[PDB]
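# This is the structure alone, sequence omitted:
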């Protein structure tokens, strides 16, 4: 940038999207994730969040995201507070701004999962504490960090690696994955129907990302050219079905890589038989379970980086 | 057994039913329960589960079982996570196996309360961490341990003691009680209508238990012969009513013992006026409140034995 | 497996052979090993086994296995108890079952090194605590884990890697190495005289392992075809000598790799001049000393995984 | 005693024989034993002996006595030092007095197992630290405390209880058992051949004990009159065989009690088929395994009482 910005410190920051993070900040997050995974497996117990509190607002319920936040925080002595759709209707009894100002005076950090990205922004703005996007219909940044972690565990590197996302290429998970890949110098291909091609404003921002990172970002509706030499095949649920049906990840599709080392990934939950076959997700190339475990380690890292 | 098996260590084990436990293992559990009750009453505070997490899946809600697990775990510094029927529909969005594999990578232990015994088995199988049956429509092992603890507190022994269960003699609570009694060398009588006689496969397994333990297990529809010399009269809720109506525990029934030292027990909740009268459950032979307190101490013991 | 089993938790488990462990469980063990090596080198001291006790029964004495168990346990505050052949003759004054039942009531864990695999099984069965095979004349699982750790340290991966074992290809160390390789997707070749070819029941079980892991397992009496492209050449002591003499690892043999990056490994002790020359084991391709250090880190990991 | 002595404090005392202890001191020891058993089973970890050292001199090796001392001391943070017959020949290179004076300047406590009672006395005299008799050919006081503990666990009392020792009624274990029983107000009968009747000086001292304790001590060669109403049948190894053969504990003998509640006890090891049949020791009246576990809890109690 004439003087390139290279700081890694994230104390006080929110995680609304990976677009707000430098490659150096994401690498730092991935170092922490890897280190916290090792401490967890080795049963080195720590109390990094002792005395702290996290309000978790779920406009849409998710057991995986809840479990990841809740175990990450509480293993370190923090107290997580589960606010369900029955507890909290954010537009309903009170303005979002009223609720955010109160939360800001009561807790150390807020996690939000729901619909509007605007909701998470105003939480951050009006609470004045770190806010974590645990999924909006625009972005799922914590999933992308876990996916990166998983891929790096498998190939020992990220900068080379070719990742193909199959199907609904504009959904929250596909979007965050594209960004994460671009930031880490990866070769990302979006493969699905033209009706569901990547968001174009995000795609163009990723084309600027990769000019500095030597990654690539691409789209095609053609399976054959997308998949050749893929190190990772990734997919997510479909919910027309008729446009998406051809982009099912099955054995045939995996073989189109030309590489036996290819892995299969899926944020979960999956509708087995639809976007991926039983045989693939339950078989030897699947890394969905490590990927799931890595949700927790990445979330813990985000909280460590931003609260301490 | 030619060489009799006598080990007591339970580290890593699940509690799906007391059928999976030796008398020596159950005695060890009851020693821990008694010791943890004394530490709790004396306000000797410990942190045995510091840093650990327990996922509690309630397919059917219960405040007593929830309170017992949740206080037991958290008094020792563990973090319990309440997953309600609104949080989690186990067949619904995901296979049980998908959910169990994820849980296995995130928490130290799982508690389940629900319908199918098969559900708890597959949790254990696919998670690979200790799973605790907090009631299925087959067994309620934690209730039986609390009942044993209570009876021993009252008579200072178990091996002699005559226990009569009145009414629905094949329900989850009656079944687990019969097993617990058989294991501890007790004289258990099941008393209710023939339509609701003990499960026969469990009854026969208890007849083998008692050959080694010098206990007895029996059934009769005749009140008079069941009750003579009972040290414990036990009952549970009824939900035909018409077959069960005669087996109400009232003052008349308690007097059929011929012993003033007889106690009354009831896993709770009770429908007072139906299976037991107000006068009995609220009167001087009732031990239902100690029995309730002992839910917590027994659950803590199971968790101590299996996690540490 | 229709639903693939993927849990990593090992609490309460014994280590009798790596045949009892999934690739995912072994990967988890190797993560812990690597992490405990780093804590040890960095002088981050922990007390993971404070208050615990380990009985070590040596039917055959070994200073390396003793040192590894004893330092691993005691660095973490555990107390190891050395029972020598002079202390303990397991068939002699008492049945093995009598001794195991007593041990089970006194210690947290048992290590056994001796002759019969059956001995270690009955220890596990009758004590009811975790038992660790520190070598039987069938398997040496702790050595294999240390070998894996060493190989991964050297090549940064395991799934590709070609390992050749030279000589007595059916001994305890060769057998456990073959299994470990098969589990981790490695290309293992057994090279020695046909009289000493791999155990056939274990070989066939490894052929099933590798169908899921994309490894390979093989035998040949021909040196030239075994060694081409080996990343690891491994050997062990010979105690006819006359069948084994040709399979000495010397400079000529190492050069048959065609790769300068090839390493040499040997569980120790070695009879230098016999199965390996001085020049090789003392020279620049030898990794025997790191491999020896890794005995301790792998043993600590097994104990962490199974006791905590 | 005109003023009856009733103190319980044992700080600094040795355990050479239970003859040196009042009933009140033994009751205090049994309270501690019971309490330390509960802390151990509940995994309440303490460090009562942190920084302390215990020299264990085994003139005769015993794995049970070694394990009990060594686990008891080290669970509490003490360091036990195993001196075997190969380490130490007490008459041989040095007078016993030279060795005792040195030990006295180096360790906190000495355990001795061997031949002469005089040896343990001079250890105590010349070291000036607490000395524990872990068996001499005169007394085995730690075994007797464990036996008492076991009996009390089974009957909830000691003062009533009828204990029959069968066979070699003058050996170390029989002698210490008689004393323990006399002290605790128990009804002890020695049953074996007249050639092996109780030591007469110890028998007479026990007749004085029981005048204050309301116990009884007796001998007969007649099985039938010994056994009627026995709550405990106890035996030990025989090494003429021909005098002892009739006093084998078998099923016939156990039935001569006339009580189903009778338990079987044996300090171990046993020669099954000789002094006791397989069927009895492996069957439902055997309490040998609890008795073995109680060695550790009683030893810990002796060390707590005398060192702290």
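Great, that's in hand. Residues are numbered from 1 along each chain as shown, chains lettered A, B, ... in the order given.

# can we go C-alpha only for contacts and neighbour counts from here?
Fine.

# Ignoring the adjacent residues along the chain, who's closest to the closest residue to chain B within the stretch 51-200 of chain A?
Per C-alpha to the nearest C-alpha, residue A:75 is where the stretch 51-200 of chain A lies closest to chain B, at 4.4 Å. In space, and not counting its chain neighbours, residue A:75 is closest to residue B:51: 4.4 Å by C-alpha to C-alpha, 6 or more residues apart in numbering or on different chains.

# What distance do you get for the one you found to chain D?
16 Å (C-alpha to the nearest C-alpha, to the nearest Å).

# and if you look at residue A:22?
According to C-alpha to the nearest C-alpha, residue A:22 stands 48 Å off from chain D.

# Any figure for the gap between that residue and residue A:177?
Distance, residue A:22 to residue A:177, using C-alpha to C-alpha, to the nearest Å: 15 Å.

# got it, and residue A:302?
Counting by C-alpha to C-alpha - residue A:302 and residue A:177 are separated by 17 Å.

# doesn't residue B:77 make contact with the residue of the stretch 51-200 of chain A closest to chain B?
No - applying C-alpha atoms under 8 Å as the test, residue A:75 and residue B:77 come out as separate, 9.8 Å apart.

# Looking at these two, which has the bigger crowd around it?
Comparing residue A:75 with residue B:77 by other C-alpha atoms under 10 Å in any protein chain shown, the one with more neighbours is residue A:75, at 25 against 20.

# Report the contact partners of the residue of the stretch 51-200 of chain A closest to chain B.
A:45-47, B:50-53, B:79 (C-alpha atoms under 8 Å, 6 or more residues apart in numbering or on different chains).

# got it, and residue A:14?
Contacts for residue A:14 (C-alpha under 8 Å, 6+ apart) come out as A:124, A:129-132, A:306.

# 10 Å - rerun?
Taking C-alpha atoms under 10 Å, 6 or more residues apart in numbering or on different chains, we find residue A:14 in contact with A:20-21, A:109-111, A:120-121, A:124-125, A:128-133, A:302-303, A:306-307.

# rewinding a little: quick one, phi/psi of the residue of the stretch 51-200 of chain A closest to chain B?
When read as degrees, to the nearest 10, the backbone of residue A:75 gives phi -60, psi -30.

# how far away is the closest residue to chain B within the stretch 151-300 of chain A from chain D?
Residue nearest to chain B within the stretch 151-300 of chain A: residue A:293 (5.4 Å; C-alpha to the nearest C-alpha). Distance of residue A:293 to chain D, given as C-alpha to the nearest C-alpha: 30 Å.

# host element of that residue?
helix A:288-307 (DSSP states H and E).

# just checking, what packs against that helix?
Packed against helix A:288-307 by the contact rule (3 or more C-alpha pairs under 10 Å, 6 or more residues apart in numbering or on different chains; DSSP states H and E) you find helix A:23-41, helix A:63-75, strand A:109-113, strand A:131-133, helix A:141-155, strand A:263-266, helix B:96-106.

# Which stretch among the ones you listed approaches residue D:213 most closely?
Smallest distance to residue D:213 across the helices and strands packed on helix A:288-307 (C-alpha to C-alpha): 56.3 Å, for helix A:63-75.

# ok, now which ones touch residue A:192?
Per C-alpha under 10 Å, 6+ apart, neighbours of residue A:192: A:165-170, A:198, A:219-223, A:226, A:243-248.

# That should have said residue A:64, apologies.
Residues near residue A:64 by C-alpha under 10 Å, 6+ apart: A:70, A:267-269, A:292-293, A:295-296, B:99, B:102-103, B:106.

# what about residue A:245, how many neighbours?
A count of nearby residues for residue A:245, using other C-alpha under 10 Å, gives 15.

# ok, residue A:302 and residue A:177, which is more surrounded?
Between residue A:302 and residue A:177, residue A:177 has the larger neighbour count (other C-alpha under 10 Å), namely 29 against 25.

# my read is the more buried one is in a helix, agree?
Yes - counting by DSSP: H, G, I helix; E, B strand; the rest coil, one finds residue A:177 located in a helix.

# list the contacts for the nearest residue to it once chain neighbours are set aside?
Setting aside the residues directly before and after it, residue A:177 is nearest to residue A:144 in space (C-alpha to C-alpha, 6+ apart), at 5.1 Å. Neighbouring residues of residue A:144 by C-alpha under 10 Å, 6+ apart: A:17-18, A:150, A:173-181, A:267, A:291, A:295, A:298.

# run the last query once more with 7 Å
Remark: with contacts taken as C-alpha atoms under 7 Å, 6 or more residues apart in numbering or on different chains, residue A:144 is in contact with A:176-177, A:180.

# Would you convert those into JSON lines that also reports distance to residue B:60?
JSON lines is the format used below for the contacts of residue A:144 (distance: C-alpha to C-alpha, whole Å):
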{"residue": "A:176", "distance to residue B:60": "37"}
{"residue": "A:177", "distance to residue B:60": "38"}
{"residue": "A:180", "distance to residue B:60": "41"}
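
# Could you list the residues of chain A in contact with chain C?
A:38, A:41-42, A:282, A:284 (C-alpha under 7 Å from any C-alpha of the partner chain).

# most neighbours, which of the residues you listed?
Most neighbours among the residues of chain A next to chain C, by other C-alpha under 10 Å: residue A:42, with 23 neighbours.

# What distance do you get for the residue nearest to that residue when sequence neighbours are not counted to residue C:293?
Of all residues not flanking residue A:42 in the chain, residue C:32 sits nearest, at 5.1 Å (C-alpha to C-alpha, 6+ apart). Using C-alpha to C-alpha, residue C:32 is found at 15 Å from residue C:293.

# which of the two has more neighbours?
Between residue C:32 and residue C:293, counted using other C-alpha under 10 Å, the more crowded position is residue C:32 (26 against 15).

# that older thread, can you turn the buried part of the contacts of residue A:14 into a PyMOL selection?
The PyMOL selection below is limited to those of those classed as buried (16 or more other C-alpha atoms under 10 Å in any protein chain shown):
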select buried, chain A and resi 21+109+110+111+120+121+124+125+128+129+130+131+132+133+302+303+306+307
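
# Would you enumerate the residues in contact with residue A:21?
If a contact means C-alpha under 7 Å, 6+ apart, then residue A:21 has no contacts.

# Just read off the phi/psi values of it.
Torsion angles at residue A:21 (phi, psi; degrees, to the nearest 10) stand at phi -120, psi 140.

# tally of neighbours for the closest residue in space to residue A:303 that isn't next to it in sequence?
For residue A:303, ignoring the flanking residues on the chain, the nearest one in space by C-alpha to C-alpha, 6+ apart is residue A:73 at 7.9 Å. Counted with other C-alpha under 10 Å, residues neighbouring residue A:73 total 27.

# Over to residue A:257?
Residue A:257 has 21 neighbours, counted by other C-alpha under 10 Å.

# Find the residue closest to it in space, skipping its chain neighbours.
Using C-alpha to C-alpha, 6+ apart and skipping residues adjacent in sequence, the residue nearest residue A:257 is residue A:228, 4.4 Å away.

# Distance-wise, check that neighbour relative to residue A:260.
Note on residue A:228: its distance to residue A:260, by C-alpha to C-alpha, is 12 Å.

# Residue A:98 now?
Relative to residue A:260, and taking C-alpha to C-alpha, residue A:98 is found at 55 Å.

# Ok, residue A:144 next?
Applying C-alpha to C-alpha, the value for residue A:144 to residue A:260 is 24 Å.

# same deal with residue A:205?
Note on residue A:205: its distance to residue A:260, by C-alpha to C-alpha, is 33 Å.

# What helix or strand is residue A:57 located in?
Using DSSP H and E, residue A:57 sits in strand A:53-58.
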